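Colleague: Structure incoming, see below.
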Amino acid sequence: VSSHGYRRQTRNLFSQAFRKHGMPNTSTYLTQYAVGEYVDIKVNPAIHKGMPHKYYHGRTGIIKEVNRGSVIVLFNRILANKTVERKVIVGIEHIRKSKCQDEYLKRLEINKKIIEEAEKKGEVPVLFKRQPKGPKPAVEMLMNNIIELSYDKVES
Amino acid sequence: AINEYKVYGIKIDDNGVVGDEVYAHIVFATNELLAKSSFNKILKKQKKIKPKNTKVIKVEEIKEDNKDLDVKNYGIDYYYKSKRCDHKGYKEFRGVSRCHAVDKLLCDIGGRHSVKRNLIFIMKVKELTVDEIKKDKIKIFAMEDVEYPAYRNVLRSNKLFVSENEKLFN
Amino acid sequence: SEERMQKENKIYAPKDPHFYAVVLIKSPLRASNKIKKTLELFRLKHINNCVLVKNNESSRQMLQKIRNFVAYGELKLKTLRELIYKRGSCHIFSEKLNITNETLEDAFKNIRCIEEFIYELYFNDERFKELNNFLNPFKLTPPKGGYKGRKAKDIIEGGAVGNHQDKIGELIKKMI
Amino acid sequence: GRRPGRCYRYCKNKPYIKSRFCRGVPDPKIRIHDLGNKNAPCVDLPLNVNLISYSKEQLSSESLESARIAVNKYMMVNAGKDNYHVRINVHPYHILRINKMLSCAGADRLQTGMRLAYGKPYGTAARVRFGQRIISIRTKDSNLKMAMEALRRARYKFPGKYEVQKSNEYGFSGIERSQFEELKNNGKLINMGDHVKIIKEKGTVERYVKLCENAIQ
Amino acid sequence: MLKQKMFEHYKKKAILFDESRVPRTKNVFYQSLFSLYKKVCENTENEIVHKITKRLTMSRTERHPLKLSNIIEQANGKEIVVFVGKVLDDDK
RNA sequence: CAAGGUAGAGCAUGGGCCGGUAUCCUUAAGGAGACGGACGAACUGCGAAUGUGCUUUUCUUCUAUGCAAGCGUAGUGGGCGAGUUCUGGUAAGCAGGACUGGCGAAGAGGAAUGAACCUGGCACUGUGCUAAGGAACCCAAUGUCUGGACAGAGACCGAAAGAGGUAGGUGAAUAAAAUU
């Protein structure tokens, strides 16, 4: 039978990668955080204070409050077939800034131009949506340089 | 019945006609969809272009003339998959078309080796003169030297019961 | 065009069409919930239903999941006409109705006869959503003369499900 | 005595090896793997013949020992001691278990039936897969028909299908005969007993020179 | 285009009277008043009339009462106020 | 856009099997060895497919005969089976988990018969058509073409090991019809 301590089953998780042992780099400490940013959790096994519980490893959430050397992040979780919000305390050594909003922020920068012109000249924005890839395109071909294919390889 | 088709196709990426080459393939199959299927199969095994990066530009049927139904000799090079491995071989047939020759091979191997038609691959089909014939089977029929009588009886009428004194067969 | 092209030793291959046609061949009652949800989003509900779908990368991945239940392919104009004329019908919101001049004029302010409808549906890409979502799913009969093999095998294997390409017209023409 | 071979034929369980976790294991019956003229140079015994598996199963250490004796006795009588080398390729690392139970059962203080059923070590076997080389011979080219007949005798000691086949390779090198001759002439080979090392244009020049003075030619 | 058309339809249908609801009281004076409003609803789209007709069908507990001062507090500068319920005195 | 260490692949720290040329150390034995072959549920240097989460309707597609906070209150808390996989056991219509549909609580047509298999989800009538499975007769609908096969065989049916008969493929010879 299995046990139920705070760091159960973390032999693979919570171990350093090959040729990457030691303390964190300066960039870790010089990064500034703000309320409302999206942030991503990855535990560093060498630091023993401010570690989250291993369920949260590799998950992304939103910063709710900022303190001297730690952050409070909001998560959601299913328990007993219902949704529950959870507020997780994490030290700054175990977090990295998330990339999940990157494309959306670029798109907002384009929208922000159009939405002004749409008051002056038009009435409503064109709004620049994405579209999924359509059907295969048409082609005009010169028809020299033909290559033949054959079952010449007998494959003993 | 079996037919002969020739399929043509090119590579495409996020943009068109990414290579200036065109690829071709002659195939014996029952219809166009079974033809297109074979083209995809060969491209992926001899090169590495998967369907999402290909486009077929043309499919054409190939047909002979032979208004007088003249009889010709053909040799065929083939392989098939068994339980052990892949088996190569050569056999000779007679007929009024390349497709008539090919349908007789497919029937033969199914009869002799218990194989479904999709596990047989044709490598080459060649039309031959009397001096070219290698194996024993067709040579007597090619040199025009055969007559034989009828072994099977044939019914005279569609009726189920007939009078004892009537003629029954042929 | 074909003459001009051949007269200069060149081949022309047109762009793939904007929509596929889908027919529900076999029963979904034991499929998983993920399959059932996908069929709902394509508006397919009973055996021998037929429906039109936009050719697009999202649609092509939905079809990959349901390919063992459905026959699909591309439809030229002659067969599209026989379908709409012999089995077409429409709806406003919860009212089901026959395609008539009054109902077109009401729904689409500039389409007035059933021939203009078919023309826009085939040739104008940017109105497809509005034009398609007006038609109810087509209710077809089983094919005349039956199916030749075990219909649950792939078309390549000699059954009836999968991609029939340019040749779905032959299945639909036996089912109108 | 022993249980019949059908009890332990197929590879049902995960590998299980002698280790800190598993103690009180008996020694395997096979202990000797090479026979004949072990250190004969690669060039001197060109022909290679193998027993090959057409099955996926476990081979007991008792069966491997019986086959060794069978193959060796034949070659020794017919080929002569200095003309051949035999190798048995597979090693019996897997441990089998038994859940031993009393004959006078039904009632005892010992925990009877399927209570606490995990077994104790019983013996050992080798685990084998399709297309694997189980026994290998190298000899003179005159001894083809002899080597064939030697390996035939092993085929009756193991469960399942096995075939005797002749190789393209020179000796216990991995090199096809055609290619070997083409490298031997032109000076590229160094002898290392039963196999060869290939000289390449890779290191420092003074090492290259020192290697080449040692070549087989 | 279509997504907007759809939502604007749902929003409307969420306001309009259901026409398969009826008050449970055996009071014939109350049932008279409902009949008037019902016949007005089927000849109009005006949201105030629809809201009133839906509220006459709700239970005694759903028709919770208000005090005079709270009406004035919620009147937000209007002259006429309407309330499907009973108005009580505020002693303050 | 994140996280993961299974299948495959490998044997660089740790465990661990057999044999080694030159060379080296002693002996005049043995040992070491520039290397090859064989391996681990508690070995890893590399690493899938499928599955999981985050953002965006400023992203396709569907959507009101639809969702639904809150309040009151029922039954249930012996389960069993199929497909894919796993652990204990010589195994078991055996004992115990995981994932997606069932029978329980599911009729109808088909596998001669069968809780769970194939087709396919039931208000009540009438005319047409198909599925699965069939088409000498029992019993509604049957015939055709091409090869094999002779055993009171097969259509329903057991192993390692094998000769005999016959149909074909490939590779060796010899040839004054062919033959091995």
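Colleague: In the neighborhood of D:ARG87, defined by Cβ-to-Cβ distances under 13 Å, what is the net charge if each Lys or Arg adds +1 and each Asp or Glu adds -1? Walk me through the intermediate numbers first.
Modeller: On the way: positive: D:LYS38, D:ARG68, D:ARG133, D:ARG138; negative: D:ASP34, D:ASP194.
Residues close to D:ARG87 contribute a combined charge of +2.
Colleague: Now for a different question. Can you pull out the GluC sites (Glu not before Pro) in region C:1-89 whose DSSP state is coil and whose Cβ has at most 10 other Cβ atoms within 10 Å?
Modeller: Working: sites: C:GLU2, C:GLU3, C:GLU8, C:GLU40, C:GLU57, C:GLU74, C:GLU82; in loops: C:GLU8, C:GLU74.
When the GluC sites (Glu not before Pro) of region C:1-89 are filtered for loop state and at most 10 Cβ neighbours within 10 Å, C:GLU8 remain.
Colleague: Over the Cα atoms of region B:63-170, how large are the radius of gyration and the largest Cα-Cα distance (Dmax), in Å?
Modeller: 19.7, 61
Colleague: Shape verdict for region A:1-63, please, from the Cα gyration tensor: rounded (a/c under 1.5), prolate (a/b greater than b/c) or oblate.
Modeller: Working: a/c = 2.51, a/b = 1.36, b/c = 1.85.
Oblate is the answer for region A:1-63, as a/c is 1.5 or above yet b/c matches or exceeds a/b.
Colleague: In whole angstrom, how long is each semi-axis of the equivalent ellipsoid of region A:31-156, when you take the square root of 5 times every eigenvalue of its Cα gyration tensor and sort them from largest down? It would help to have the intermediate numbers written out before the result.
Modeller: Working: eigenvalues 429, 199, 49 Å².
Listed largest to smallest, the semi-axes of region A:31-156 are 46, 32, 16 Å.
Colleague: Can you list the chymotrypsin sites (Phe, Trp or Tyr not before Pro) in region D:154-217 that are in a DSSP coil and have 11 or fewer other beta carbons within 10 angstrom?
Modeller: Filter output for region D:154-217: D:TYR156.
Colleague: Tell me, which longest segment in chain B has none of the chymotrypsin sites (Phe, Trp or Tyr not before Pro) that fall in DSSP loops with at most 11 further Cβ atoms within 10 Å? Mind dumping the intermediate values first?
Modeller: Working: sites that count: B:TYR151, B:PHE161.
Value returned for the longest uninterrupted segment is B:1-150.
Colleague: In region A:32-66, which residues have a backbone nitrogen under 18 Å from the label point lying 7 Å from A:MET23's Cα in the Cα-to-Cβ direction?
Modeller: Label zone hits: A:44-51.
Colleague: If you take the Cα atoms of chain C, find Rg, then find the Kirkwood Rh from the mean of 1/r over all pairs, what is Rg/Rh?
Modeller: That ratio is 1.00, to two decimals.
Colleague: Using the beta-carbon distance between C:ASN136 and A:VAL139 and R0 = 41 Å, what value does 1/(1 + (r/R0)^6) give for FRET efficiency, to the nearest 0.05?
Modeller: Efficiency computed from Cβ-Cβ geometry: 0.65.
Colleague: Hey, got a sec? Which GluC sites (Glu not before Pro) in region B:27-129 land in a DSSP loop and have at most 13 other Cβ atoms within 10 Å? Let's see the in-between values first.
Modeller: Working: sites: B:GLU32, B:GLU60, B:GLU61, B:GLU64, B:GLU92, B:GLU127; in loops: B:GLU64.
Qualifying residues, ordered by number: B:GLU64.
Colleague: How big is the shadow of the Cα convex hull of region A:41-86, averaged over all directions, in nm²? All intermediate terms of the calculation are to be shown ahead of the outcome.
Modeller: Working: hull surface 15.2 nm².
So the mean shadow area of the Cα hull is 3.8 nm².
Colleague: Please compute the average number of Cβ atoms from other chains found within 10 Å of each residue's Cβ in peptide C:5-16.
Modeller: Values: counts 3, 1, 0, 2, 3, 5, 10, 6, 13, 3, 6, 6.
Per residue, the number of nearby Cβ atoms from other chains is 5 on average.
Colleague: Quick check: pseudo-label points 7 Å beyond the Cα along Cα→Cβ at D:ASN214 and C:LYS96, how many nm apart are they?
Modeller: Between D:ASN214 and C:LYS96, the simple spin-label model gives 9.0 nm.
Colleague: How many nm separate the modelled label positions at C:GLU3 and C:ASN124, each set 7 Å beyond the Cα in the direction of the Cβ?
Modeller: Label-label distance for C:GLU3 and C:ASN124, simple model: 3.3 nm.
Colleague: In deg cm²/dmol, rounded to 500, what helix-only [θ] at 222 nm does chain A give when every DSSP H run of at least 4 residues adds -39500 (n - 2.57) and the total is split over its residues?
Modeller: Details: 2 runs with 24 residues, N = 156.
Computed ellipticity for chain A at 222 nm equals -5000 deg cm²/dmol.
Colleague: Let me ask something else about it. Per residue, how big is the convex hull of region B:1-131 when only Cα atoms are used? Give it in Å³. Intermediate results must be reported in sequence, preceding the final value.
Modeller: Working: hull volume 18.5 nm³, N = 131.
It is 141 Å³ per residue.
Colleague: Would you mind checking the tilt of helix D:61-78 against the longest principal axis of the Cα atoms of chain D, expressed as 0 to 90 degrees and rounded to 10?
Modeller: 40
Colleague: If you bin every alpha carbon distance in chain D into 10 Å steps from zero, what whole percent lands in each bin?
Modeller: 7, 26, 25, 20, 13, 6, 3, 1, 0
Colleague: Something else about it: Considering chain B as a Gaussian network with a 10 Å cut-off on Cα pairs, which listed residue, B:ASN73, B:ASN15, B:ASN40, attains the greatest mean-square fluctuation?
Modeller: Comparing B:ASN73, B:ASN15, B:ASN40 in a Gaussian network model of chain B, the most mobile one is B:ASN15.
Colleague: Taking only DSSP H segments of four or more residues, each worth -39500 (n - 2.57), what value at 222 nm results for chain D once the sum is divided by all its residues, to the nearest 500 deg cm²/dmol?
Modeller: Details: 4 runs with 43 residues, N = 217.
Per the formula, -6000 deg cm²/dmol.
Colleague: Hey, fewest Cβ within 10 Å first, where do A:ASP152, B:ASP20 land in order?
Modeller: A:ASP152, B:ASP20
Colleague: Further question on the same structure: For E:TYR30 and E:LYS92, FRET efficiency with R0 = 30 Å and r from the beta-carbon atoms, rounded to 0.05? The partial results should precede the final answer.
Modeller: Working: r = 32 Å, r/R0 = 1.06.
Efficiency, from the Cβ-Cβ distance: 0.40.
Colleague: Find me the longest stretch of chain B that has none of the exposed trypsin sites (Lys or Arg not before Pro), where exposed means in a DSSP loop (not H, G, I, E or B) with at most 15 other Cβ atoms within 10 Å. Can you show the working numbers first?
Modeller: Values: sites that count: B:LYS47, B:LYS48, B:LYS63, B:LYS67, B:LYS83, B:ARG84, B:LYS116, B:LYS134, B:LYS135, B:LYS137, B:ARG152, B:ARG156, B:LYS159, B:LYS167.
Here the longest segment lacking exposed loop sites spans B:1-46.
Colleague: Along the Cα-to-Cβ line of D:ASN39, 7 Å from the Cα, sits a label point; which residues in region D:191-217 have backbone N less than 12 Å from it?
Modeller: Within reach of a label on D:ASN39: D:193-194.
Colleague: Rounded, prolate or oblate: pick one for the protein assembly as shown, where a ≥ b ≥ c are the square roots of the eigenvalues of its C-alpha gyration tensor, a/c under 1.5 means rounded, and failing that, prolate if a/b is larger than b/c, else oblate.
Modeller: Numbers: a/c = 2.07, a/b = 1.36, b/c = 1.52.
Oblate.
Colleague: So what's the net charge close to D:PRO26: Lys and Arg +1, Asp and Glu -1, counting the other residues with Cβ under 14 Å from its Cβ?
Modeller: Values: positive: D:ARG2, D:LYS18, D:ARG23, D:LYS29, D:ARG31, D:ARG97, D:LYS120; negative: D:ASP27, D:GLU62, D:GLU65.
Once all neighbours under 14 Å are counted, the net charge is +4.
Colleague: Same structure, new question: Please go through the residue pairs D:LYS166/D:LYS202; B:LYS44/C:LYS65; C:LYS109/E:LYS11 and name each one whose alpha carbons sit more than 32 Å apart in this structure. Mind dumping the intermediate values first?
Modeller: Numbers: D:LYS166/D:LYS202 35 Å; B:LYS44/C:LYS65 23 Å; C:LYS109/E:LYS11 24 Å.
Over 32 Å apart, Cα to Cα: D:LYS166/D:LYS202.
Colleague: Here's another thing I want to ask about it. Where in region B:49-80 does the amide nitrogen come within less than 14 Å of the point 7 Å from the Cα of B:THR129, taken along Cα to Cβ?
Modeller: Once the point is set 7 Å along Cα→Cβ of B:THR129, B:73 turn out to lie under 14 Å by backbone N, inside region B:49-80.
Colleague: Within the P(r) computed for region C:81-176, what percentage of the Cα pairs occupies the region above 19 Å? All intermediate terms of the calculation are to be shown ahead of the outcome.
Modeller: Working: 2399 of 4560 pairs.
Value for region C:81-176: 53 percent of Cα pairs lie more than 19 Å apart.
Colleague: Which FRET efficiency value, to the nearest 0.05, is calculated for D:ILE190 and D:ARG129 with the Förster distance at 25 angstrom and r the Cβ-Cβ distance? Intermediate values should be presented prior to the final figure.
Modeller: Details: r = 33 Å, r/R0 = 1.32.
Taking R0 as 25 Å, the efficiency between D:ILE190 and D:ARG129 is 0.15.
Colleague: Along the Cα→Cβ direction, 7 angstrom out, place labels at D:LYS145 and D:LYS14. What is the inter-label distance in nm?
Modeller: Modelled inter-label distance: 5.3 nm.
Colleague: Now, a different point. For chain E, what class follows from the C-alpha gyration tensor (a ≥ b ≥ c being the square roots of its eigenvalues): rounded when a/c is under 1.5, otherwise prolate if a/b is larger than b/c, else oblate? Intermediate values should be presented prior to the final figure.
Modeller: Details: a/c = 2.40, a/b = 1.36, b/c = 1.77.
The shape class here is oblate.
Colleague: Sorting B:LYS50, A:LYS120, D:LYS29 on the 10 Å Cβ count, fewest up front, what's the list?
Modeller: A:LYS120, B:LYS50, D:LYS29
Colleague: Ok, one more. Can you give the charge dipole size of region D:1-103 about its Cα centre, rounded to the nearest 20 debye, using +1 on the beta carbon of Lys and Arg and -1 on the beta carbon of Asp and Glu? Walk me through the intermediate numbers first.
Modeller: Values: 19 positive and 7 negative charges, 167 e Å.
Charge dipole of region D:1-103: 800 debye, to the nearest 20.
Colleague: Which of B:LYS36/C:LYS148; B:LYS63/C:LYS76; B:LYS116/D:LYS161 have a Cα-Cα distance over 29 Å?
Modeller: Numbers: B:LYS36/C:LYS148 21 Å; B:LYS63/C:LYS76 27 Å; B:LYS116/D:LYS161 27 Å.
Beyond 29 Å between Cα atoms: no listed pair.
Colleague: For a quick check: sort D:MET75, D:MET114, B:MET123 by the number of other beta carbons within 10 angstrom, fewest at the front. Show your work: numbers first, answer last.
Modeller: Numbers: D:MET75 24, D:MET114 8, B:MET123 15.
Fewest to most other Cβ atoms nearby, the residues stand as D:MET114, B:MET123, D:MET75.
Bear in mind that the values in this text are calculations on the coordinates, not laboratory data. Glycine gets a Cβ as well: all are built from the backbone with ideal geometry, and neighbour counts include every protein chain shown.
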